[PDB]
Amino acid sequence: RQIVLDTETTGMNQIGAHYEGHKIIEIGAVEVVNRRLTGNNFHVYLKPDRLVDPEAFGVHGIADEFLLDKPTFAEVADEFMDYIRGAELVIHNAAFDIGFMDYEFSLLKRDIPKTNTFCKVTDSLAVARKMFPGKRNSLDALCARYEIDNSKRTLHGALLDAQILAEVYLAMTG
């Protein structure tokens, strides 16, 4: 199993641990088996209990009010782990999302091990950079390169981004 994943957050830090003090507000993950999308995905919006930074809002457009009635990371953590366990996670700039995931897992105080100890982690951005050195390798740049539709991506979304990356990664490794 390959799980193409993405997350949206309240923001990030430019110095020090990028996730410190921030929270995941959306998790989007899509399953790929034998190079085919299975359709069995994972998608949740989470209540951060903190405000979304303006810069972050400018990217995903997810309002603070929309998250008030959502589950907390603690409430979705078990099913989330059941879903990703043992798979190869494919993430564009993996260190970003993995950092946030392990951070949130650690706050649960359940002795949950690091994600890369129970999941294989593949950074699709590193893969793209290796294949296309000296070129633009953002997800949008890769969409144009592989003729993938990203017209509905004015604002970024975790599931939306994961789905697009899945198509891009399948083409990049096809």
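A residue's number is simply how far along the shown sequence it sits, counting from 1.
- For residue 22, the record comparison shows coordinates present in all the other entries of this protein that model its neighbours, with no third of them leaving it out.
- Residue 154 is a gap in at least a third of the other entries compared, counting only those with both neighbours built.
- According to the PDB record, 57-65 carries the higher mean C-alpha B-factor of the two stretches 57-65 and 127-135.
- Look at the C-alpha B-factors of 145-153 and of 109-117. On average they run higher in 145-153.
- Residue-level inspection of the entry shows that, of 31, 140, 26, 49, 49 has the top Cα B-factor.
- Ranked within its chain, residue 9 lands in the lowest third, by CA B factor from the PDB record.
- When the modelled residues of the chain are ordered by their C-alpha B factor, residue 172 lands in the highest third.
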